[PDB]
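Listing of model.txt, compact mmCIF, C-alpha atoms and all ligand atoms
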# COMPACT_ATOMS: atom_id res chain seq x y z
CA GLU A 2 126.94 99.24 75.94
CA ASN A 3 124.16 98.91 78.56
CA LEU A 4 121.77 101.89 78.33
CA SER A 5 120.03 101.04 81.61
CA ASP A 6 123.47 101.49 83.22
CA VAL A 7 124.60 104.62 81.36
CA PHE A 8 121.31 106.43 82.09
CA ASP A 9 120.64 104.85 85.48
CA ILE A 10 117.19 103.58 84.72
CA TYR A 11 115.66 101.96 87.79
CA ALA A 12 112.17 100.61 88.48
CA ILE A 13 110.35 101.00 91.79
CA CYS A 14 107.07 99.33 92.62
CA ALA A 15 105.11 97.79 95.45
CA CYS A 16 103.27 94.48 95.12
CA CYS A 17 100.89 92.75 97.51
CA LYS A 18 99.40 89.22 97.52
CA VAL A 19 96.39 88.61 95.27
CA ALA A 20 92.91 87.97 96.69
CA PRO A 21 91.37 84.78 95.43
CA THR A 22 88.15 84.56 93.42
CA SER A 23 85.41 81.87 93.58
CA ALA A 24 84.44 82.54 89.99
CA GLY A 25 86.46 83.06 86.77
CA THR A 26 89.59 81.34 85.31
CA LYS A 27 92.00 83.89 86.87
CA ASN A 28 92.30 82.44 90.35
CA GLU A 29 95.93 81.42 90.94
CA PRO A 30 95.97 80.07 94.47
CA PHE A 31 99.29 78.41 93.60
CA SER A 32 101.08 81.23 91.77
CA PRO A 33 104.90 80.87 91.83
CA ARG A 34 105.10 84.64 92.52
CA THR A 35 103.32 85.50 95.74
CA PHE A 36 103.81 89.26 95.63
CA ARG A 37 102.57 90.21 92.15
CA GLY A 38 99.60 92.53 92.76
CA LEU A 39 100.05 96.07 91.45
CA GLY A 40 96.63 97.64 91.01
CA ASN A 41 92.87 97.24 91.08
CA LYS A 42 90.23 99.18 89.17
CA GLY A 43 92.72 101.91 88.37
CA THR A 44 93.88 102.51 91.95
CA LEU A 45 96.25 100.76 94.41
CA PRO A 46 94.89 97.47 95.81
CA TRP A 47 95.49 98.56 99.38
CA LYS A 48 94.61 101.54 101.50
CA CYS A 49 97.11 104.35 102.05
CA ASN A 50 100.32 102.68 103.27
CA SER A 51 102.23 105.60 104.76
CA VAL A 52 105.27 103.47 105.33
CA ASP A 53 105.70 102.54 101.63
CA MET A 54 104.64 106.06 100.66
CA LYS A 55 107.47 107.59 102.71
CA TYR A 56 109.91 105.04 101.39
CA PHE A 57 108.85 105.69 97.78
CA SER A 58 109.18 109.47 98.29
CA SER A 59 112.70 109.19 99.76
CA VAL A 60 114.10 106.84 97.10
CA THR A 61 112.68 108.81 94.19
CA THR A 62 113.64 112.18 95.60
CA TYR A 63 117.12 111.64 97.05
CA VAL A 64 120.02 113.00 95.03
CA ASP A 65 123.80 113.08 95.90
CA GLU A 66 125.49 116.06 94.24
CA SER A 67 128.95 114.58 94.85
CA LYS A 68 128.18 111.51 92.77
CA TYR A 69 126.83 113.38 89.80
CA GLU A 70 130.13 114.24 88.05
CA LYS A 71 130.90 110.58 87.75
CA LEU A 72 127.49 110.08 86.12
CA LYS A 73 128.04 113.15 83.97
CA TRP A 74 131.30 111.72 82.61
CA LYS A 75 129.91 108.24 82.06
CA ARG A 76 127.21 109.82 79.95
CA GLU A 77 129.36 112.37 78.12
CA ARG A 78 131.59 109.47 77.15
CA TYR A 79 128.78 107.27 75.89
CA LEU A 80 127.41 110.22 73.94
CA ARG A 81 130.86 110.97 72.57
CA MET A 82 131.43 107.44 71.29
CA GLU A 83 127.82 107.34 70.08
CA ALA A 84 128.85 110.28 67.88
CA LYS A 106 119.01 122.00 91.15
CA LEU A 107 119.93 118.36 90.53
CA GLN A 108 116.89 116.07 90.51
CA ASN A 109 115.94 112.51 89.62
CA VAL A 110 113.47 111.80 86.85
CA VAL A 111 110.26 109.87 87.54
CA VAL A 112 108.52 108.17 84.58
CA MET A 113 104.94 106.90 84.58
CA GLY A 114 102.22 105.67 82.20
CA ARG A 115 99.08 107.75 81.65
CA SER A 116 96.79 105.69 83.80
CA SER A 117 99.20 106.04 86.68
CA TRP A 118 99.42 109.82 86.25
CA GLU A 119 95.62 110.04 86.06
CA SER A 120 95.28 107.94 89.20
CA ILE A 121 97.19 110.54 91.18
CA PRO A 122 94.96 113.23 92.85
CA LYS A 123 95.58 116.64 91.33
CA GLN A 124 96.92 118.13 94.54
CA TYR A 125 99.87 115.72 94.50
CA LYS A 126 100.90 116.25 90.86
CA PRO A 127 103.38 116.83 89.63
CA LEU A 128 105.49 114.99 92.17
CA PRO A 129 107.62 117.78 93.70
CA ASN A 130 111.44 117.81 93.54
CA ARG A 131 111.57 115.31 90.68
CA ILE A 132 111.42 115.91 86.89
CA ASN A 133 108.09 114.33 85.87
CA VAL A 134 107.61 112.35 82.69
CA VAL A 135 104.38 110.83 81.53
CA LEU A 136 104.29 108.27 78.71
CA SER A 137 101.23 108.74 76.48
CA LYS A 138 100.31 108.93 72.82
CA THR A 139 97.11 110.89 73.55
CA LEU A 140 97.81 113.51 76.24
CA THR A 141 98.63 117.03 75.01
CA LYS A 142 100.36 120.00 76.64
CA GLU A 143 97.03 121.79 76.16
CA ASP A 144 95.07 119.80 78.69
CA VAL A 145 97.98 118.90 80.97
CA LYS A 146 98.81 122.13 82.81
CA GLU A 147 101.18 120.53 85.32
CA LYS A 148 104.92 120.81 84.71
CA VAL A 149 105.66 117.44 83.13
CA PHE A 150 107.25 116.14 79.93
CA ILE A 151 104.78 114.17 77.84
CA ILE A 152 106.68 111.38 76.02
CA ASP A 153 105.33 109.44 73.10
CA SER A 154 107.50 106.32 73.54
CA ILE A 155 110.44 104.62 75.29
CA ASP A 156 112.51 105.58 72.28
CA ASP A 157 111.64 109.23 72.94
CA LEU A 158 112.30 108.71 76.62
CA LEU A 159 115.88 107.76 75.79
CA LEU A 160 116.09 110.81 73.53
CA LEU A 161 114.98 112.93 76.48
CA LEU A 162 117.46 111.46 78.99
CA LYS A 163 120.32 112.00 76.53
CA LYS A 164 119.76 115.73 76.65
CA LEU A 165 118.71 116.16 80.22
CA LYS A 166 120.66 116.78 83.40
CA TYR A 167 119.42 114.49 86.15
CA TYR A 168 120.69 112.07 88.78
CA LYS A 169 118.74 108.78 88.40
CA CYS A 170 115.69 107.90 86.29
CA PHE A 171 112.93 106.03 88.12
CA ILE A 172 110.21 104.11 86.25
CA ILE A 173 107.30 104.27 88.66
CA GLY A 174 104.54 102.46 86.79
CA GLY A 175 102.41 101.03 85.68
CA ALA A 176 102.42 97.38 84.52
CA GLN A 177 102.54 98.22 80.82
CA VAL A 178 105.50 100.51 81.41
CA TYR A 179 107.35 98.00 83.56
CA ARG A 180 106.80 95.35 80.89
CA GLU A 181 108.11 97.46 77.99
CA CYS A 182 111.26 98.45 79.97
CA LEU A 183 112.08 94.98 81.35
CA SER A 184 111.30 93.49 77.97
CA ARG A 185 113.91 95.84 76.40
CA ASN A 186 116.41 95.11 79.14
CA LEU A 187 116.33 98.80 80.13
CA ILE A 188 116.11 98.25 83.93
CA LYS A 189 119.33 98.33 85.96
CA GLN A 190 117.77 97.99 89.43
CA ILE A 191 114.38 97.10 90.81
CA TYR A 192 113.21 98.61 94.09
CA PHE A 193 110.57 96.13 95.15
CA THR A 194 108.32 96.72 98.13
CA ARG A 195 106.53 93.58 99.28
CA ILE A 196 103.18 94.31 100.98
CA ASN A 197 102.27 91.29 103.14
CA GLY A 198 98.51 91.56 102.62
CA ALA A 199 96.05 90.02 100.12
CA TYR A 200 93.71 92.36 98.25
CA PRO A 201 91.61 92.11 95.08
CA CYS A 202 93.81 92.90 92.03
CA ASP A 203 93.38 93.27 88.28
CA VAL A 204 96.84 94.46 87.29
CA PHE A 205 100.01 92.46 88.10
CA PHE A 206 103.77 92.87 87.82
CA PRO A 207 104.88 91.46 84.43
CA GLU A 208 107.01 88.34 84.27
CA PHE A 209 110.56 88.57 82.94
CA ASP A 210 113.84 86.66 83.10
CA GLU A 211 114.73 86.97 86.79
CA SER A 212 118.07 85.15 86.28
CA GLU A 213 119.30 88.46 84.90
CA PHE A 214 119.09 89.99 88.44
CA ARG A 215 120.34 89.39 91.99
CA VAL A 216 118.95 90.71 95.24
CA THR A 217 121.38 93.26 96.54
CA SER A 218 119.50 94.79 99.46
CA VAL A 219 117.01 93.21 101.85
CA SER A 220 115.61 95.47 104.58
CA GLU A 221 114.37 94.50 108.01
CA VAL A 222 110.60 93.96 108.33
CA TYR A 223 108.30 96.99 108.73
CA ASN A 224 104.78 97.42 109.97
CA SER A 225 101.88 99.51 108.64
CA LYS A 226 98.80 99.48 110.88
CA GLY A 227 99.22 95.76 111.40
CA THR A 228 100.32 94.90 107.84
CA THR A 229 104.01 94.04 107.48
CA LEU A 230 106.17 94.89 104.52
CA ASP A 231 109.74 95.04 103.43
CA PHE A 232 111.94 96.64 100.85
CA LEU A 233 114.14 94.73 98.41
CA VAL A 234 116.51 95.92 95.77
CA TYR A 235 117.52 93.76 92.84
CA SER A 236 120.44 94.67 90.64
CA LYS A 237 121.06 93.43 87.14
CA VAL A 238 123.92 90.91 86.84
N1 LIG A 301 102.00 99.04 92.99
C1 LIG A 301 102.70 99.89 92.23
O1 LIG A 301 103.90 100.03 92.52
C2 LIG A 301 102.06 100.62 91.10
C3 LIG A 301 100.67 100.39 90.80
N2 LIG A 301 100.11 101.10 89.70
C4 LIG A 301 98.69 100.74 89.41
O2 LIG A 301 98.68 100.11 88.12
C5 LIG A 301 97.50 100.44 87.38
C6 LIG A 301 97.91 101.36 86.19
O3 LIG A 301 98.89 100.62 85.39
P1 LIG A 301 98.57 100.16 83.92
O4 LIG A 301 97.18 99.78 83.73
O5 LIG A 301 99.69 99.32 83.49
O6 LIG A 301 98.80 101.52 83.16
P2 LIG A 301 99.95 102.61 83.02
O7 LIG A 301 99.87 103.42 84.24
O8 LIG A 301 101.18 102.06 82.52
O9 LIG A 301 99.35 103.57 81.81
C7 LIG A 301 99.04 102.93 80.59
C8 LIG A 301 99.05 104.01 79.59
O10 LIG A 301 100.37 104.64 79.61
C9 LIG A 301 100.68 104.84 78.24
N3 LIG A 301 101.85 104.12 77.75
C10 LIG A 301 102.34 102.86 78.13
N4 LIG A 301 103.41 102.56 77.45
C11 LIG A 301 103.66 103.59 76.63
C12 LIG A 301 104.66 103.88 75.65
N5 LIG A 301 105.65 103.00 75.41
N6 LIG A 301 104.61 105.05 74.98
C13 LIG A 301 103.61 105.94 75.23
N7 LIG A 301 102.62 105.76 76.12
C14 LIG A 301 102.70 104.56 76.79
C15 LIG A 301 99.42 104.70 77.45
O11 LIG A 301 98.66 105.87 77.42
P3 LIG A 301 97.81 106.32 76.20
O12 LIG A 301 96.61 105.42 76.12
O13 LIG A 301 97.41 107.78 76.49
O14 LIG A 301 98.72 106.23 75.06
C16 LIG A 301 98.84 103.64 78.21
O15 LIG A 301 97.51 103.24 77.85
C17 LIG A 301 96.64 101.23 88.35
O16 LIG A 301 95.71 100.34 88.98
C18 LIG A 301 97.62 101.93 89.32
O17 LIG A 301 97.02 102.19 90.58
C19 LIG A 301 100.87 102.02 88.94
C20 LIG A 301 102.20 102.24 89.24
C21 LIG A 301 102.78 101.53 90.31
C1 LIG A 302 103.39 105.14 96.90
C2 LIG A 302 103.07 103.93 96.02
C3 LIG A 302 104.25 103.31 95.32
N1 LIG A 302 105.15 102.62 96.08
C4 LIG A 302 106.26 102.02 95.49
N2 LIG A 302 107.13 101.30 96.31
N3 LIG A 302 106.53 102.11 94.14
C5 LIG A 302 105.63 102.82 93.30
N4 LIG A 302 105.88 102.92 91.99
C6 LIG A 302 104.40 103.48 93.82
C7 LIG A 302 103.44 104.19 92.97
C8 LIG A 302 102.11 103.72 92.75
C9 LIG A 302 101.18 104.43 91.90
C10 LIG A 302 101.60 105.67 91.23
CL1 LIG A 302 100.49 106.44 90.29
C11 LIG A 302 102.89 106.15 91.42
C12 LIG A 302 103.80 105.44 92.28

Can you give me the file's structure in the form of structure tokens?
Amino acid sequence: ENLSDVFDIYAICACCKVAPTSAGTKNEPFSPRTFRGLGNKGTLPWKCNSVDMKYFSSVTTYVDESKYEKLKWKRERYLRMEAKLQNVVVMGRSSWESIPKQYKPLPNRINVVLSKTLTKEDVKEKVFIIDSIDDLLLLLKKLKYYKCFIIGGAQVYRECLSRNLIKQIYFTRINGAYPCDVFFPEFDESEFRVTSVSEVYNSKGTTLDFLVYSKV
């Protein structure tokens, strides 16, 4: 069976173009993947993009009650053989720490932070602290939710793609070049097909679009 399908594990990210460097061995002016920039110095490479922000918020928050029973059954079945509704959002520690206190935990979604060092003692926000992907799966198996969104960062995307635990990738392309030090991990793209390509959008002069890739 495909766990990414049974537990509806999707990834959502936004990547921009990478700003060249005149020094160092990391300049890739000819990179085969134009949009691969994820972060810089612990924060996003670009300045507040309200357009992607709204998009991100809608995707990760939207739930359809009518479609849940079907998911409930699909899961009850898998679990059988193995033996307010909200989506889950999963993020690495650095990502969680990069979010300003006032915006955490992300409202209307069940928050999960992956970390082997954070403790419930110092993390007062309502969030599940998970020690590993393995434990993440243990959590989803005993949790009522709609879809599970992996929202970052690079390390977390890598682990999930590497384990073939991603069913869909919601990929925002930011058409701007900014300095970057964290990039989207490479994986076998032949395993996916683009299933949604939005019209172009504009943020203060910078264009961007939204793509969705679904596993074959
Ligand atoms: N453009 C985009 O869409 C996104 C950009 N970002 C950007 O990416 C950068 C942060 O990403 P990155 O550096 O990859 O870090 P992450 O945000 O993934 O956090 C890394 C930390 O998460 C924890 N972690 C990772 N995997 C596991 C695991 N399997 N089990 C338990 N804990 C785990 C560890 O915490 P610990 O050390 O406590 O164990 C780890 O050091 C920032 O610059 C941020 O702004 C982040 C998300 C999305
Ligand atoms: C709004 C930015 C954004 N847009 C998209 N399309 N995907 C994401 N995963 C994020 C994101 C970045 C950093 C953190 Cl910490 C959490 C989420």

Exercise. Could you check how far atom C3 of ligand LIG 301 (chain A) sits from CA of residue 200 (chain A), in Å to one decimal?
Key: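 Separation between atom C3 of ligand LIG 301 (chain A) and CA of residue 200 (chain A): 13.0 Å.
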
Quiz prompt | Given all atoms listed in the file as the counted atoms, nearest of A:26, A:35, A:5, A:194 to ligand LIG 302 (chain A) | solution = A:194

Practice problem: Return the single residue from A:45, A:190, A:235, A:61 that is closest to residue 120 (chain A), with distances computed using only C-alpha atoms. | Solution: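 Nearest candidate to residue 120 (chain A) out of A:45, A:190, A:235, A:61: A:45.
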
Exercise. Provide the CA of residue 166 (chain A) to CA of residue 6 (chain A) distance in Å, to one decimal place.
Key: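 Pair CA of residue 166 (chain A) / CA of residue 6 (chain A) returns 15.5 Å.
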
Exercise. Can you tell me which residues come within 10 Å of ligand LIG 302 (chain A) when counting all atoms listed in the file, ideally as a PyMOL selection string?
Key: chain A and resi 12-16+39-40+43-45+47+49-58+60-61+111-122+126+128+171-176+179+191-196+231-233

Just write region 153-177 of chain A with C-alpha atoms, as a CSV table (one decimal), in the first residue's frame, taken from the block above.
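Produced file part-v1.csv, reproduced below:
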chain,number,residue,atom,x,y,z
A,153,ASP,CA,10.5,13.0,17.3
A,154,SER,CA,10.6,11.4,13.8
A,155,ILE,CA,8.7,10.7,10.6
A,156,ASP,CA,8.1,7.2,12.0
A,157,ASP,CA,6.3,8.9,14.9
A,158,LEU,CA,4.5,11.2,12.6
A,159,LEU,CA,2.9,8.2,10.9
A,160,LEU,CA,2.1,6.9,14.3
A,161,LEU,CA,0.3,10.2,15.1
A,162,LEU,CA,-1.7,10.3,11.8
A,163,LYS,CA,-2.9,6.8,12.4
A,164,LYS,CA,-4.7,7.8,15.5
A,165,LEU,CA,-5.7,11.3,14.5
A,166,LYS,CA,-8.8,12.6,12.8
A,167,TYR,CA,-7.9,15.1,10.1
A,168,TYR,CA,-8.5,15.9,6.5
A,169,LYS,CA,-5.1,16.3,4.7
A,170,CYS,CA,-1.6,16.4,6.1
A,171,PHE,CA,0.6,19.2,4.7
A,172,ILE,CA,4.4,19.1,5.0
A,173,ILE,CA,5.3,22.8,5.1
A,174,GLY,CA,9.1,22.7,5.5
A,175,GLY,CA,11.8,23.0,5.6
A,176,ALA,CA,14.4,21.4,3.2
A,177,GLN,CA,15.5,18.7,5.6
